[PDB]
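First up is the structure itself, then whatever we jot down about it.
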Amino acid sequence: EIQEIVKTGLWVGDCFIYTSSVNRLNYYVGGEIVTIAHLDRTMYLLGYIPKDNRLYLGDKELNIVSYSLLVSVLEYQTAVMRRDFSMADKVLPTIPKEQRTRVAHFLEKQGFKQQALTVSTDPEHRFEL
Amino acid sequence: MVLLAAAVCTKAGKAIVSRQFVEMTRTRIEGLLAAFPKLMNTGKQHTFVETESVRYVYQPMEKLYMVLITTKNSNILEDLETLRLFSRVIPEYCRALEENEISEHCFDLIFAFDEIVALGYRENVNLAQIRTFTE
Amino acid sequence: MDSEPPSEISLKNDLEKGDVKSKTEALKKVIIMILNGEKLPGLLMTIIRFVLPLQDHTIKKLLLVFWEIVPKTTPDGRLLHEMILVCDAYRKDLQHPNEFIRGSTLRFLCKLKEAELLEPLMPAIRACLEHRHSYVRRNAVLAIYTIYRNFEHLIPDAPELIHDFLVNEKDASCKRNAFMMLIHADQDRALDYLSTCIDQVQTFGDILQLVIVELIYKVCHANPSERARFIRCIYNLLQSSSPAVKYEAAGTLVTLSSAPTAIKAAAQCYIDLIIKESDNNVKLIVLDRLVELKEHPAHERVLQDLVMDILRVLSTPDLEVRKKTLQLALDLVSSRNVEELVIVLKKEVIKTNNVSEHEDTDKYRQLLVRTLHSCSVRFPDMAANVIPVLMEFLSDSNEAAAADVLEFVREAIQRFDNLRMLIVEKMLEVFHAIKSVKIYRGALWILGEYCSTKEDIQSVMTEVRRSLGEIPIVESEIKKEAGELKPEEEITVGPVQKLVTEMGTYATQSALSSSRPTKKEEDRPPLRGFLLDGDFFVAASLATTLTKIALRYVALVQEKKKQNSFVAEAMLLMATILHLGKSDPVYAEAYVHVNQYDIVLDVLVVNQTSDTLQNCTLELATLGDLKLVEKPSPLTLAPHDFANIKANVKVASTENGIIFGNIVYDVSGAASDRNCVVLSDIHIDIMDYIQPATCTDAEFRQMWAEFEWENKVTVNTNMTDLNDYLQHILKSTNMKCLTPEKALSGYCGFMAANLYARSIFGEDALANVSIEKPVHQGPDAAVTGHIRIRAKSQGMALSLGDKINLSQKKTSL
């Protein structure tokens with residue numbers, strides 16, 4: 001059961017990307033809820049059109065807004081969920097600063113403090129691990 | 001006591017009617033009410049304003065201030081709630097606030113004050129409850 | 001009867017009259033005069049007589065009212081007994097079928113901590129043991145607790161009477177309505193019972209259970225009371241880097257600044273903090289959490305930066321919110337402050353792009369050029385951005401608009417040596433339409449330093465040199481400037497050498513060159529031509545000439561410490577500068593004594609006379625800001641009495657209507673014309689009345705400006721520094737030596753003190769004590785100090801002026 005409520009949602013693979021009533025775009029992996037991104041306003045998932053390389057959102061308007069799904073983050077975290085911590089580390093060169101620390105914290109929550117230590121950019125997170 | 005006094009003020013520069021639950025604030029009551037409620041309790045149109053190290057909670061009605069004062073506090077909701085219940089009880093006695101009519105019903109208001117807040121602890125009152133007493 | 005202290009004779013009459021209304025009104029009038037604090041015992045027998053047994057609630061309620069605010073004091077109609085006229089027939093009142101009279105009686109009776117009513121209040125719990133209302137049961141737990149408080153901490157108050165004696169507190173927990181007067185010192189079993197009650201709550205009652213016993217294992221269980229405790233409990237379980245995202249704190253918090261812009265400004269601050277925790281350099285201060293709203297994905301839709309743009313402000317919302325917002329742009333994003341300040345400055349500073357950011361008032365324009373430019377001086381990357389934007393500033397092409405632009409950029413070149421070669425050609429352009437000083441000054445400096453780069457210069461300079469506008473300060477700036485950089489690298493009909501010729505003529509010489517200069521006579525008296533005239537050893541060439549000076553920057557120039565800088569964005573700074581950050585014969589003999597830190601005025605009162613002075617009373621008076629902490633109290637001053645009587649003294653009070661002199665001391669005795677005499681004990685001054693307060697350099701400076709302090713005296717025995725005599729004496733005329741206004745060196749080094757006080761005289765008091773202690777071969781007057789003084793109409797200025805000399809008193813009786 002997932003913490004952030006699903007106002008609307010979409011399945012990208014077996015991973016569920018949904019909007020939340022917090023305006024949070026989160027994805028469900030593992031039975032764990034991660035925030036892929038923050039929505040600034042209330043948005044609904046029209047669908048994911050591979051052509052545009054985008055997820056198409058709409059406001060109150062019958063027009064288009066687009067969010068590309070942050071696949072590198074999602075794949076890091078998904079791999080972590082599966083208990084493929086090394087695999088998620090291959091993703092890490094393309095996870096930036098603070099995101100490596102976060103993804104590391106994901107890795108850690110699932111378990112393996114050390115692999116999380118190598119990816120975490122932040123020294124403090126390394127130091128605690 | 002947590003609640004020093006429960007006081008109805010005129011910003012004429014005096015406490016029009018007021019209640020001292022146990023003998024402490026006699027003359028003290030008038031000076032506090034007279035200075036601070038004149039400045040809107042020194043407020044800015046905020047229900048809580050604290051001055052000279054005494055918490056003043058208030059509501060303006062005309063040239064008059066209905067005032068609750070504390071210098072200690074147990075909870076946020078509570079201080080407002082006794083003031084609020086007081087504000088249901090006060091127009092039954094005096095038809096809004098106004099110094100002459102407040103003055104005439106010193107007994108009414110004062111009795112409500114004892115009943116509402118007893119030994120500084122905020123009891124509850126209601127206009128029907130008030131009736132049994134002044135009957 | 002609002003407050004009328006003499007009316008007690010009429011009240012007695014009104015109190016019994018055979019008309020119930022009149023009696024009620026009378027008793028009511030007594031209540032209102034006591035509450036204010038006025039006369040009441042005369043009445044007592046009358047008051048007490050009608051009301052006593054009756055179940056008729058209103059008079060009874062009125063009498064019940066008067067017994068909690070003065071019962072002890074009034075004694076005509078009551079006297080002292082165990083079953084007083086407060087409670088004797090109020091046992092009937094307690095035992096009436098109507099709940100109101102019983103309830104009321106119980107409530108006042110138990111409320112008193114009176115020992116002459118201790119027994120009657122104890123079985124007074126009977127009146128409310130039966131609970132006809134929520135009010136009756138609450139009235140009971142509070143009354144048992146009040147009985148417990150009143151000398152019954154043992155077995156007189158603890159068990160049950162028939163249902164409560166300290167057990168309503170237990171009962172309340174399981175009953176339909178709760179209220180626990182059990183906060184301290186009461187039954188353990190009830191405390192335990194309240195815990196059970198957290199679940200089976202009554203909400204008012206829950207606030208009473210909760211003040212006693214807090215912290216839950218749950219989320220909640222319901223109701224505002226539990227909810228209010230809960231945010232406290234949450235802050236515990238995550239203290240770490242503020243709350244960050246405010247919990248249930250948010251609801252009260254808005255009202256905390258209802259006046260009205262300040263809430264948004266505050267809210268904006270929290271929202272900025274929350275975004276991210278950055279590097280936290282100089283004005284990069286965002287705390288809270290590192291990731292919780294990120295910053296800056298390239299796939300995030302419609303992005304974080306949209307909210308960040310609000311914070312970049314010209315005033316885009318209102319001024320209070322503006323000042324907060326500019327700091328807040330700087331705080332989330334920059335390098336320090338420099339990066340986001342350049343962007344922000346680019347928007348604010350004057351252009352040809354938008355005319356909603358340009359203005360024809362010269363100082364503001366200039367300041368805005370300096371703010372943009374200070375970013376370069378701070379950080380390199382900004383130099384490259386600044387120079388092209390500066391040229392856009394110029395493109396406005398008003399005399400003045402060019403002018404301001406030229407003035408900063410020229411400073412930038414002093415910092416930024418042969419890096420801004422490119423700008424020179426742009427800078428010349430608007431130099432020809434001219435009505436001001438500033439344009440000439442600045443242009444002549446760019447065109448002058450930059451000469452190697454260009455070759456135009458006779459042509460550009462010459463239209464201006466024969467044009468008019470305002471030219472004082474033009475002279476100074478052109479004087480050091482015109483030749484510079486490379487000896488022969490220009491030519492239009494005047495090479496660099498013609499320029500040196502020109503440069504010299506403009507400074508103070510004479511020469512046909514650029515169709516003569518506009519003026520020659522220099523700016524402010526000290527500057528003159530001569531230094532530069534001597535100079536240009538090697539004709540306008542980088543060596544040890546004007547060029548050197550021009551392509552170098554005076555002292556250290558780095559940061560935003562205000563060394564070729566101006567410290568952020570010019571509009572935000574005005575607000576920061578504003579912020580001061582202020583923090584019958586009678587004989588007396590007397591001395592002041594202190595034992596065990598008790599300060600007392602010793603007085604001895606002497607009757608050297610054989611005559612009678614009986615009727616002798618001694619008083620110390622409250623004059624104004626002087627006060628008695630206890631007058632001398634002996635009834636002494638009798639035939640040939642010597643006595644020592646101690647009058648305790650205070651220095652701090654509030655003004656009384658009687659005289660304001662030294663110390664008044666009053667002895668009374670026999671005589672009927674001068675029953676009271678005023679006679680003196682030793683000196684206390686007018687100066688006491690002043691109240692000490694302090695200033696910082698900003699408050700001092702503001703007040704200096706605010707009102708004049710020209711007035712000076714020189715005070716002897718200011719030979720010494722600030723710390724010694726001068727501080728101690730200044731203290732006694734309630735002053736204090738704070739911050740400096742000095743400028744010390746090997747030739748300078750008068751000690752300077754900035755003084756402040758806020759006198760209870762309708763004035764402040766300020767002064768500067770300058771101590772002329774020789775740090776030169778020719779001192780003012782040697783050791784001594786001149787105190788420059790003021791007060792707000794300089795009526796206390798004078799007090800400062802003489803109370804920094806000397807001051808001492810002693811006696812040895």
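Labels used: A, B, ... for chains in the order of the structure tokens, numbers from 1 for residues in each chain, and numbers from 1 for ligands as shown.
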With a distance threshold of 6 Å and counting only C-alpha atoms, extract the residues of chain B near chain C and express them as a short mmCIF file (atom, residue, chain, number, x, y, z; two decimals) with N, CA and C atoms, in the first residue's frame.
```
data_model
loop_
_atom_site.label_atom_id
_atom_site.label_comp_id
_atom_site.auth_asym_id
_atom_site.auth_seq_id
_atom_site.Cartn_x
_atom_site.Cartn_y
_atom_site.Cartn_z
N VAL B 22 -9.55 35.62 42.81
CA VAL B 22 -9.10 35.58 44.13
C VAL B 22 -8.30 36.87 44.27
N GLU B 23 -8.32 37.51 45.45
CA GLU B 23 -7.75 38.83 45.71
C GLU B 23 -6.29 38.92 45.33
N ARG B 26 -6.74 43.97 42.01
CA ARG B 26 -7.80 44.88 42.45
C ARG B 26 -7.52 46.06 41.58
N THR B 27 -6.78 47.03 42.10
CA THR B 27 -6.44 48.26 41.46
C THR B 27 -5.60 48.00 40.25
N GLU B 30 -7.31 47.79 36.84
CA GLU B 30 -7.73 49.04 36.13
C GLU B 30 -6.56 49.56 35.34
N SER B 103 -21.34 49.44 32.60
CA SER B 103 -21.28 49.89 33.98
C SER B 103 -22.46 49.45 34.76
N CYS B 106 -22.62 45.67 35.92
CA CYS B 106 -21.47 45.16 36.55
C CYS B 106 -21.75 43.80 37.12
N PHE B 107 -22.89 43.62 37.75
CA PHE B 107 -23.19 42.38 38.52
C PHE B 107 -23.34 41.17 37.55
N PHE B 111 -20.52 38.24 37.56
CA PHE B 111 -20.95 36.95 37.93
C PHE B 111 -20.60 35.97 36.85
N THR B 132 -30.03 30.90 35.60
CA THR B 132 -30.34 30.13 36.86
C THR B 132 -29.80 31.21 37.94
N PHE B 133 -28.60 31.79 37.64
CA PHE B 133 -27.84 32.61 38.61
C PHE B 133 -28.44 33.94 38.92
N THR B 134 -28.97 34.66 37.90
CA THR B 134 -29.48 36.00 37.97
C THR B 134 -30.97 35.94 38.14
N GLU B 135 -31.51 34.76 38.42
CA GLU B 135 -32.96 34.49 38.51
C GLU B 135 -33.52 35.12 39.79
#
```
Nearby residues (only C-alpha atoms) at most 7 Å from segment 601-606 of chain C, same-chain spacing under 3 positions excluded, as a PyMOL selection string: chain C and resi 586-593+637+641-649
For the selection just defined, write its residues with C-alpha atoms to a file, as an mmCIF file, in the first residue's frame.
```cif
data_model
loop_
_atom_site.group_PDB
_atom_site.id
_atom_site.type_symbol
_atom_site.label_atom_id
_atom_site.label_comp_id
_atom_site.auth_asym_id
_atom_site.auth_seq_id
_atom_site.Cartn_x
_atom_site.Cartn_y
_atom_site.Cartn_z
ATOM 1 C CA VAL C 586 13.323 69.229 62.624
ATOM 2 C CA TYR C 587 16.969 68.335 62.365
ATOM 3 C CA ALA C 588 18.389 65.753 59.878
ATOM 4 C CA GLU C 589 21.747 64.220 59.328
ATOM 5 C CA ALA C 590 22.337 61.728 56.637
ATOM 6 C CA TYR C 591 24.603 59.378 54.704
ATOM 7 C CA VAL C 592 23.861 56.552 52.217
ATOM 8 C CA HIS C 593 24.806 53.066 53.333
ATOM 9 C CA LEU C 637 11.099 63.197 66.583
ATOM 10 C CA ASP C 641 15.016 62.351 70.711
ATOM 11 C CA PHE C 642 17.821 61.219 68.613
ATOM 12 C CA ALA C 643 16.869 58.348 66.436
ATOM 13 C CA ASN C 644 18.317 56.523 63.472
ATOM 14 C CA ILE C 645 15.541 55.970 60.879
ATOM 15 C CA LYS C 646 16.294 54.303 57.506
ATOM 16 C CA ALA C 647 14.624 55.319 54.318
ATOM 17 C CA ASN C 648 15.300 52.802 51.473
ATOM 18 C CA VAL C 649 15.864 54.461 48.040
#
```
A:77, A:94, A:86, A:66 ranked by distance to chain C, top pick (using only C-alpha atoms): A:66
Interface list for chain A, partner chain C, 7 Å threshold, only C-alpha atoms, as a count of residues only: 7
Let's see if you can do this: from backbone DSSP, list all alpha helix (DSSP H) residues in chain B, as a PDB file with C-alpha atoms, in the first residue's frame.
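So the final result, stored in part-v3.pdb, reads:
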```pdb
ATOM      1  CA  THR B  27      -6.435  48.263  41.462  1.00  0.00           C
ATOM      2  CA  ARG B  28      -3.900  46.471  39.227  1.00  0.00           C
ATOM      3  CA  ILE B  29      -6.741  45.416  36.927  1.00  0.00           C
ATOM      4  CA  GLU B  30      -7.735  49.042  36.127  1.00  0.00           C
ATOM      5  CA  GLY B  31      -4.158  50.283  35.182  1.00  0.00           C
ATOM      6  CA  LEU B  32      -3.429  47.386  32.825  1.00  0.00           C
ATOM      7  CA  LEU B  33      -6.764  47.661  31.087  1.00  0.00           C
ATOM      8  CA  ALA B  34      -6.633  51.368  30.954  1.00  0.00           C
ATOM      9  CA  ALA B  35      -3.178  51.738  29.206  1.00  0.00           C
ATOM     10  CA  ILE B  76      -3.680  27.792  22.274  1.00  0.00           C
ATOM     11  CA  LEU B  77      -7.257  26.956  21.660  1.00  0.00           C
ATOM     12  CA  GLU B  78      -8.438  27.479  25.200  1.00  0.00           C
ATOM     13  CA  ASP B  79      -7.670  31.245  25.818  1.00  0.00           C
ATOM     14  CA  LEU B  80      -9.738  32.180  22.717  1.00  0.00           C
ATOM     15  CA  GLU B  81     -12.513  29.826  23.576  1.00  0.00           C
ATOM     16  CA  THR B  82     -13.262  31.369  27.074  1.00  0.00           C
ATOM     17  CA  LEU B  83     -13.122  34.847  25.440  1.00  0.00           C
ATOM     18  CA  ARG B  84     -15.421  33.626  22.715  1.00  0.00           C
ATOM     19  CA  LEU B  85     -17.965  32.156  25.106  1.00  0.00           C
ATOM     20  CA  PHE B  86     -17.719  35.427  27.028  1.00  0.00           C
ATOM     21  CA  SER B  87     -18.560  37.247  23.781  1.00  0.00           C
ATOM     22  CA  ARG B  88     -21.819  35.159  23.505  1.00  0.00           C
ATOM     23  CA  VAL B  89     -22.629  36.028  27.094  1.00  0.00           C
ATOM     24  CA  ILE B  90     -21.782  39.865  27.035  1.00  0.00           C
ATOM     25  CA  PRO B  91     -24.434  41.248  24.426  1.00  0.00           C
ATOM     26  CA  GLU B  92     -27.207  39.213  26.422  1.00  0.00           C
ATOM     27  CA  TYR B  93     -26.319  41.418  29.452  1.00  0.00           C
ATOM     28  CA  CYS B  94     -25.326  44.718  27.647  1.00  0.00           C
ATOM     29  CA  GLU B  99     -19.307  51.973  28.864  1.00  0.00           C
ATOM     30  CA  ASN B 100     -22.557  53.197  30.458  1.00  0.00           C
ATOM     31  CA  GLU B 101     -24.550  49.986  29.745  1.00  0.00           C
ATOM     32  CA  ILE B 102     -21.420  47.826  30.804  1.00  0.00           C
ATOM     33  CA  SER B 103     -21.282  49.895  33.981  1.00  0.00           C
ATOM     34  CA  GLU B 104     -24.955  49.256  34.808  1.00  0.00           C
ATOM     35  CA  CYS B 106     -21.475  45.156  36.549  1.00  0.00           C
ATOM     36  CA  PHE B 107     -23.194  42.375  38.520  1.00  0.00           C
ATOM     37  CA  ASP B 108     -24.272  40.466  35.502  1.00  0.00           C
ATOM     38  CA  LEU B 109     -20.917  40.527  33.821  1.00  0.00           C
ATOM     39  CA  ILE B 110     -18.971  39.938  36.929  1.00  0.00           C
ATOM     40  CA  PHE B 111     -20.948  36.945  37.932  1.00  0.00           C
ATOM     41  CA  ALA B 112     -20.497  35.492  34.421  1.00  0.00           C
ATOM     42  CA  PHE B 113     -16.672  36.023  34.851  1.00  0.00           C
ATOM     43  CA  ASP B 114     -16.563  34.003  38.046  1.00  0.00           C
ATOM     44  CA  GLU B 115     -18.683  31.276  36.434  1.00  0.00           C
ATOM     45  CA  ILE B 116     -16.692  31.268  33.181  1.00  0.00           C
ATOM     46  CA  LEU B 127     -26.764  32.148  27.911  1.00  0.00           C
ATOM     47  CA  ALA B 128     -29.351  29.647  29.382  1.00  0.00           C
ATOM     48  CA  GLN B 129     -26.809  28.657  32.179  1.00  0.00           C
ATOM     49  CA  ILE B 130     -26.407  32.236  33.102  1.00  0.00           C
ATOM     50  CA  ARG B 131     -30.117  32.589  33.723  1.00  0.00           C
ATOM     51  CA  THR B 132     -30.344  30.127  36.855  1.00  0.00           C
ATOM     52  CA  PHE B 133     -27.844  32.611  38.606  1.00  0.00           C
TER      53      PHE B 133
END
```
Residue 773 of chain C surroundings by only C-alpha atoms, 12 Å radius, close-in-sequence under 5 positions cut, as a VMD selection string: chain C and resid 717 to 722 744 747 to 752 778 to 786
Atomic distance atom CA of residue 374 of chain C - atom CA of residue 528 of chain C, expressed in Å with one decimal: 29.4 Å
Atom CA of residue 791 of chain C to atom CA of residue 706 of chain C, straight-line distance in Å: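 If I compute the distance from atom CA of residue 706 of chain C to atom CA of residue 791 of chain C, I get 10.9 Å.
Interatomic distance, atom CA of residue 73 of chain C against atom CA of residue 109 of chain C: 16.1 Å.
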Exercise: segment 109-116 of chain A partners within 8 Å, only C-alpha atoms, chain neighbours under 5 positions left out, as JSON, numbers by chain: {"A": [80, 81, 83, 85, 86, 89, 101, 103, 104, 126, 129]}
Contacts of residue 38 of chain A within 7 Å, only C-alpha atoms, excl. fewer than 6 positions in-chain, as a list in words: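 Near residue 38 of chain A, the qualifying residues are residues 23, 24 and 25 of chain A.
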Residue list (strand (DSSP E), DSSP) for segment 26-117 of chain B, as a list in words: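 In segment 26-117 of chain B, DSSP puts these residues in strand (DSSP E): residues 48, 49, 50, 51, 54, 55, 56, 57, 58, 59, 60, 61, 64, 65, 66, 67, 68, 69, 70 and 117 of chain B.
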Nearest-residue call for residue 275 of chain C, choices C:223, C:333, C:148, C:237, using only C-alpha atoms: C:333
Distance query residue 9 of chain A at most 8 Å, only C-alpha atoms, self and fewer than 5 positions along chain excluded, as number ranges by chain: A: 16-19, 45
With N, CA and C atoms retained, write the just-selected residues as a PDB file, in the first residue's frame.
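Just written: again.pdb:
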```
ATOM      1  N   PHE A  16       4.199   1.720 -11.871  1.00  0.00           N
ATOM      2  CA  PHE A  16       3.054   2.609 -11.965  1.00  0.00           C
ATOM      3  C   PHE A  16       3.496   3.979 -11.698  1.00  0.00           C
ATOM      4  N   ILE A  17       3.360   4.885 -12.660  1.00  0.00           N
ATOM      5  CA  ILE A  17       3.638   6.290 -12.546  1.00  0.00           C
ATOM      6  C   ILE A  17       2.266   6.909 -12.289  1.00  0.00           C
ATOM      7  N   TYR A  18       2.131   7.740 -11.225  1.00  0.00           N
ATOM      8  CA  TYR A  18       0.840   8.286 -10.964  1.00  0.00           C
ATOM      9  C   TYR A  18       1.083   9.644 -10.463  1.00  0.00           C
ATOM     10  N   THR A  19      -0.011  10.432 -10.555  1.00  0.00           N
ATOM     11  CA  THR A  19      -0.163  11.640 -10.014  1.00  0.00           C
ATOM     12  C   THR A  19      -0.777  11.419  -8.680  1.00  0.00           C
ATOM     13  N   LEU A  45      -2.645  12.554 -16.455  1.00  0.00           N
ATOM     14  CA  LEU A  45      -1.782  11.843 -17.401  1.00  0.00           C
ATOM     15  C   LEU A  45      -2.642  11.421 -18.574  1.00  0.00           C
TER      16      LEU A  45
END
```
10 Å contact set for residue 98 of chain B, only C-alpha atoms, chain neighbours under 5 positions out, as a list in words: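 Contacts, with the query itself left out: residues 9, 10, 16, 61, 62, 63, 64, 65, 91 and 103 of chain B.
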Residues from the last selection, N, CA and C atoms, saved as a PDB file, in the first residue's frame:
```
ATOM      1  N   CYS B   9     -13.153  46.241  29.150  1.00  0.00           N
ATOM      2  CA  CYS B   9     -12.461  47.499  29.140  1.00  0.00           C
ATOM      3  C   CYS B   9     -13.174  48.458  28.271  1.00  0.00           C
ATOM      4  N   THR B  10     -13.047  49.732  28.702  1.00  0.00           N
ATOM      5  CA  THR B  10     -13.280  50.860  27.836  1.00  0.00           C
ATOM      6  C   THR B  10     -11.997  51.490  27.659  1.00  0.00           C
ATOM      7  N   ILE B  16     -13.747  49.073  32.850  1.00  0.00           N
ATOM      8  CA  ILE B  16     -15.114  49.373  33.184  1.00  0.00           C
ATOM      9  C   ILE B  16     -15.746  48.384  34.234  1.00  0.00           C
ATOM     10  N   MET B  61     -14.943  46.241  20.241  1.00  0.00           N
ATOM     11  CA  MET B  61     -16.360  46.414  20.089  1.00  0.00           C
ATOM     12  C   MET B  61     -16.414  47.832  20.317  1.00  0.00           C
ATOM     13  N   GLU B  62     -16.784  48.704  19.331  1.00  0.00           N
ATOM     14  CA  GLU B  62     -16.843  50.141  19.585  1.00  0.00           C
ATOM     15  C   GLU B  62     -15.578  50.797  20.125  1.00  0.00           C
ATOM     16  N   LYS B  63     -15.603  51.581  21.270  1.00  0.00           N
ATOM     17  CA  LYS B  63     -14.462  52.259  21.956  1.00  0.00           C
ATOM     18  C   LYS B  63     -14.044  51.358  23.067  1.00  0.00           C
ATOM     19  N   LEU B  64     -14.478  50.090  23.023  1.00  0.00           N
ATOM     20  CA  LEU B  64     -14.347  49.184  24.126  1.00  0.00           C
ATOM     21  C   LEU B  64     -13.661  47.974  23.540  1.00  0.00           C
ATOM     22  N   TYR B  65     -12.996  47.336  24.512  1.00  0.00           N
ATOM     23  CA  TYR B  65     -12.154  46.170  24.334  1.00  0.00           C
ATOM     24  C   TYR B  65     -12.743  45.163  25.264  1.00  0.00           C
ATOM     25  N   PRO B  91     -23.325  40.521  24.958  1.00  0.00           N
ATOM     26  CA  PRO B  91     -24.434  41.248  24.426  1.00  0.00           C
ATOM     27  C   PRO B  91     -25.826  40.896  25.076  1.00  0.00           C
ATOM     28  N   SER B 103     -21.338  49.440  32.602  1.00  0.00           N
ATOM     29  CA  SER B 103     -21.282  49.895  33.981  1.00  0.00           C
ATOM     30  C   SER B 103     -22.459  49.452  34.757  1.00  0.00           C
TER      31      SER B 103
END
```
